[PDB]
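Take a look at this one chain, the form deposited in one PDB entry, written out in structure tokens.
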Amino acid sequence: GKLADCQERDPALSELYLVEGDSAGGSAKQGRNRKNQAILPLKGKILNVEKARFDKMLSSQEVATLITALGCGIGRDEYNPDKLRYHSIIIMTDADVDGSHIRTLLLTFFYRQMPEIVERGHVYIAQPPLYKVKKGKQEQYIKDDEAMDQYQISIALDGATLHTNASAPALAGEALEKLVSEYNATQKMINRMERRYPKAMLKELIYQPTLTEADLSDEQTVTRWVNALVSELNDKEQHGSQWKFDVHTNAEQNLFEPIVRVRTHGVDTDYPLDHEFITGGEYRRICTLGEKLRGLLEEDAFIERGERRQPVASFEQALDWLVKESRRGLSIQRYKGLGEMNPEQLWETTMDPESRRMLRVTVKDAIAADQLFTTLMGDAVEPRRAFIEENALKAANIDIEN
């Protein structure tokens, strides 16, 4: 039961799909090339063969049906990859965490019970899309989140957007595109370091001039610098926090740090912009970007959107207004799963030979793969816990950020 077979009988032009969920499989059975394609829905999560016993594996339902459909034997002295039906196998699971878990279980089954199938290259992984964007005439699918951001950036700067500084210059595209890309890169770098320092502290530094530690020495201009920084922070503060500054000359180069009291009613000891911070390349690139992002706007300015105009006095307002304008005649659909798609979308996105997109699974080194399988999917709790803790957020602390 639950197996829609193909008409092709030669085992060199057939394919097999393992769709997750009953409704997704039912939808896929409609829109498929019935000549040389087959379907086999999986109801939910399947057995873990690494922990389980051989007899319990044979007694189960899903794995028994899969073994029967493949046609090869099972276990030693019967397994024989020569008599293989459905020479190409495709997974095509959901696009969320549970889909990845089911994918890992299926990979464990295939590698542990049938090595030569994996090694010869008869296993493929499918990549269905996530977003669908329509703009009246243009209609296209977009995968994951990064490509959505790229599409949004391209559409926002699509036509017009001839920024006017004072009277009528014209950046005209690529310069504005480079500025936008660099600013977004710096924003992404800033977002991944909020643990160490406040966001506002990093945001304010771009507009203010360079610290210039080379000529600072002990001129006592650090007092004026920190005073100006604190005054600017407190002028437009809108969360009740207060800031103070402190300076000292414990070394040849005078050091300074702010003290911030925030809504939590607890005060951090300090956030010193020490030698490492000024010497770090992060501050250098921040100053490089801020050099072009000083008060370039004059007293009068505006953004020249297509058949539109609006006075502006900051880059963030211009970006927000352009994004808001670009999202007028745009419609987006986000798929929660494979059950949201009609058969035609499935055919033209995952099952069409001339426009699908898949990955081939291969093996690099056998011993490393075997050790990894035993460590993760085994039945020993402590190695798995240690491995998960090793790759936790502590090991995610990458100082490159580039």
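Each residue number is its position in the shown sequence, starting from 1. Note that the rigid core is defined as the largest set of C-alphas that superpose within 1.5 Å between two forms.
We do not show the form deposited in another entry, though everything after this point is about it.
Of the residues checked (215, 235, 146, 82), the rigid-core alignment between the shown form and the other one shows a Cα shift of at least 2 Å for 215 alone. Once both forms are overlaid on the rigid core, the distance between the two CA positions of residue 181 between the shown form and the other one is under 2 angstroms. The Cα position of residue 254 differs by 2 Å or more between the shown form and the other one after fitting on the rigid core.
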